[PDB]
Structure formats: structure tokens, C-alpha cells
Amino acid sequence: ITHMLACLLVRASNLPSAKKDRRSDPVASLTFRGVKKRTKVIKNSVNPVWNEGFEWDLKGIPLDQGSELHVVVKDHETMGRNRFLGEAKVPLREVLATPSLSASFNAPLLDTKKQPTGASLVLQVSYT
């Protein structure tokens, strides 16, 4: 039998845009224990609804109180460097608390200096 960490990335809300006459093309990356996964790029939105699920094999290493999930949202640029919008570290401790094996988050997206951007991230996490 498999053991995995699962995340449903619902949506982000109230994303910032530095330049409003430039189309905003949000894309999110989720990293757990160094394994990075990405959503599709949503075009023309600052309130993107991905509704994408992600699974990480735990690889025989159990979750612990300190385990965390990192999500970054950027504004995609084809020529190349994507523009950083905001990020969150999601503490997974709550997932271990009850027999639900899960937790729900509505997390503020912060800039690299931890200043809240006004945007938020909606997601559910669970494990087996």
C-alpha cells in the first residue's frame, strides 16, 4: 500500500499586480521535501481557480510536527523569468492532530521579506 501527502490547491485570491495593463498569468509551484510540482498557468486573472490536486509519495519517511509545504505563486512570462507574486509556508502539523488525517488552510501570501501581499491561498491537505 502507498503512503502519500495530498494537497488540493483550490485557488488564490486578490493577487497583486505591479502593472495592471499587463495580463496576469498566475502559476503556482508546490514543494515538499524538495520535490516540486506545478499547476497549469491560468491566464488573465488575479483570482485564479486551479482546483488541482497533488500527491507526494512519502518514501517511507513519516510526517512529523515540523513538516511543511511551500507554495509560490508567480506571474508567468514566456520570455522567461516569471514574476514573483507571493508565497506561503504551510505548516502540516495540523494534519497529524486528528483521525481526519487532514487540514484546511486559507493562507496569506507573503513577499520575500514576509510582508503580507493581501492575497490568500486556499487549499486542503491530507495524508495516508
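One-based numbering along the sequence shown.
In this crystal structure, the stretch out of 58 to 66 and 96 to 104 whose C-alpha atoms carry the higher mean B factor is 58 to 66.
Taking the mean C-alpha B-factor of each stretch as recorded, 38 to 46 and 85 to 93 are not equal, and the higher mean is that of 38 to 46. Per the PDB record, residue ranking by Cα B-factor puts residue 17 in the highest third of the chain.
Remark: residue 31 belongs to the lowest third of its chain, ranked by C-alpha B-factor as recorded.
The deposited CA B-factor of residue 23 belongs to the highest third of values across its chain. Among the modelled residues of the chain, residue 4 sits in the middle third by CA temperature factor in this PDB entry.
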